[PDB]
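A lone chain, given as structure tokens: the form solved without its partner chain.
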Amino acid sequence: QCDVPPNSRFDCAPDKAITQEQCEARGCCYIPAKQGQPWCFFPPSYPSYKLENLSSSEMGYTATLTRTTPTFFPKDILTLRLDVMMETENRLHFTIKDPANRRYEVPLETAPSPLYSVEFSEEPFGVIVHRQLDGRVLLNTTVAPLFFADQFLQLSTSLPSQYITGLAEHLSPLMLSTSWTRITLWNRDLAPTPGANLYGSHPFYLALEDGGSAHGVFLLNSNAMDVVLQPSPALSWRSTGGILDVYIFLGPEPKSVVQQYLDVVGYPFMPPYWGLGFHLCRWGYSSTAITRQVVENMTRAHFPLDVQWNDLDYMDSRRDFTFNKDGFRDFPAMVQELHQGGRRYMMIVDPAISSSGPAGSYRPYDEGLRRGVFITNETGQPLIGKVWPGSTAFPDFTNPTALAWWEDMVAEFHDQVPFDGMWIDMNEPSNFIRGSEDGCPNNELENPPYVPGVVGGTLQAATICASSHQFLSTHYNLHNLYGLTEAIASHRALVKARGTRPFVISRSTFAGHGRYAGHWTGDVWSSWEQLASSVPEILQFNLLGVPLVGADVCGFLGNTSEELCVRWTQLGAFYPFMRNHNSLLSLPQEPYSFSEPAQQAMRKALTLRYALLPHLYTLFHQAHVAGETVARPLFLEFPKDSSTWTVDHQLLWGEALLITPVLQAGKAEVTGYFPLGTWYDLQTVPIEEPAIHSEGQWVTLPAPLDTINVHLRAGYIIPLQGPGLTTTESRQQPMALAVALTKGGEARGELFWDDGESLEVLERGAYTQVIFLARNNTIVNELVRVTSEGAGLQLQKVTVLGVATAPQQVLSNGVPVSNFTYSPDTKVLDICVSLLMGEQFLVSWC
């Protein structure tokens, strides 16, 4: 009975230190580790739930689950209902609920055979999910007891391999460690460091299977939770409330698993085109004069900049929806001037609203009070905490009235200063004191029977009381949604205020966040370590459907070095959201603040990103319509190559662009994995060893300080556009194609183009979509949709990679071209043309 292999021992004392006598008294097994692995663990006979009265419907199955012997937690729910819904051929969904009481549930909008089968174990109860094609066991919850008590749910399963990713937000490799790892989801203001619960919580994992298939599991639960991985391999979800609401996505391809998950939580929002330009911010641009100098200094040194930002500096006494009348006296004019020059403007907004001002002197508070928009305490008054302005109340973004008040405050402020989006910070919600000015009461919500492994050892640490009252429920249940709900409210407020696509960047997030907003990784240090860690983290958020993500370029905390900021600017130009931001006391790190050689390297990075923007935009369109990733790990694209599975210091843009950054000081080369195929050096494409032929292998590449390695996959065509210091300017330039031929002379690509900012483009059909095809020494376009928005897009240059012999002639629509060049050393054919993306063309060579 207690002969259980070390790796398959499930912890029977997750709640407290326990003795042998206590362990045995719980009906558990005690065997000390020989050197984490639990000493007290469940025998196979440990009391669980029993399945009874299983029956079948057109939807799937239902059953009753009965527990006969209490667990060691209080308030077991002894009778539960199981509902199994076979929703699509790829998506299985099950719930375990209390049929006698509605429990808190996370608010969320809703040959022929499924890819899965489902079977059940009777006693102990478990759900077993097989992949039909190959019989692989994906889920098996029979491996450990089911616990379902009022403030403790535990459901375990075997995992199909040692390879699992997800469960943000944490500073870790992309592939998680199964060595007795405890992963805590409880949104928390803490600078990213390993082993800690950070700003967001996403209870989703993707698990790889031998051979390259995969599946995903989403537990729709917003309570504080630990997820415990052990090396058998196996996983335990351990939540402090709610219900078990479980989705399994069958893939089989990892990219399909992601798309299937996003079908449930929502596809990424389409950003405005300008949102993909460079953003520049710091805490400490303390006047409009200083802030204007940033744009002047960037422009004078030919650095592109689309969006100027301010941090707290603009506010009056650090309060939302104000600006001070000293340094920021002419804030409205500064923002109007930015617009006049073709740029946008972003500023920080915090959730907490100053509560200490004289009554009638501060409308956001006074109106909020009147309308009842704030989270309240035991006696029904606003919970008062401490943040930047001093004493503050906290908006309740589950209250419809608070949504309307937030819309009003944003619209009214926008009438004074026409900002183009919102940077929403401190929205965990972050509290400078514990719980509230008045502490928190003593009850089961503040002092629950199981506290997950949160920093500080309490749910109140750095945040508000858990038993505080919100419209939908207590904060205990809703905490992990605070940021998300604020992002939803801000998205709507911005739609209404501006009438064009919203641009929201948020610190705190929950599953489904990407449908409304983007994210940045928070207070990362200016260190080589954090530069390298940013790659897995950006990739992780793309797997979670938040493709508009990045880290603060050159780092936020501490002082960057020139070498670090070159390498960080190089890699960060491939963050889908690219912003350089800096803390109050740090040395300056704007691109123009460095030496000439460093400036040149930074300028090159920005120039290439701007050249790539039509392609990046199209990748975002694919994310938005099809649930694709924008930045993706090599394993998502080449999952049948098992050597890609642990690679997270390289990244792909889409299917075709491989970026291999230097991430260490003092390096002049880099070793990266190249999947099977031909990879062309993108430096061989004129922007205003030529080819790696890989069998699937590691390659060491020259990488001097001035360089980042970027390779284009054979078989693909990338649209490019001419230069500008803003997207307003760049969007008017002539376009180009980079055509990467296979050995057989084949390539394919696409362009999506719309006006860059309007709402409801796809629904109204107000966009142009063109496909490009290379075949048999010709290049053509295919006009999928041509509208007024794609009119007059001028194609003036076509660059072909992998042309093995010099051509004797090159034709564009049947006429010999004005001029072309061919380099026998690089196999590159560069062709000058006068064509239009929206009109059928044929280019050929022989």
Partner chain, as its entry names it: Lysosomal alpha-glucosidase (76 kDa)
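Residue numbers count along the first chain shown, from 1.
Beyond what is shown, the protein has a form deposited with its partner chain bound; the following relates to that form.
In the bound PDB entry, its partner chain lies farther than 4.5 Å from every heavy atom of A551. Taking the partner from elsewhere, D210 is found to have every heavy atom lying beyond 4.5 Å of its partner chain in the bound PDB entry.
Within 4.5 Å of any heavy atom of its partner chain in the bound PDB entry lies no heavy atom of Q650. When its partner chain is considered in the bound PDB entry, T646 lies well away from it, no heavy atom lying within 4.5 Å. The contact with its partner chain in the bound PDB entry, taken as any heavy atom within 4.5 Å, belongs to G241 out of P675, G241, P272, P304. When you look in the bound PDB entry, the only residue of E337, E563, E757, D245 with a non-hydrogen atom within 4.5 Å of its partner chain is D245.
Only one segment in the set 460 to 468, 153 to 161, 564 to 572, 426 to 434 has residues whose heavy atoms sit within 4.5 Å of its partner chain in the bound PDB entry; it is 153 to 161.
In the bound PDB entry, every residue of the candidate spot (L146, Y450 and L481) has a heavy atom lying within 4.5 Å of its partner chain. Contacts with its partner chain in the bound PDB entry, taken as any heavy atom within 4.5 Å, map within 469 to 490 to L472, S473, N477, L478, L481.
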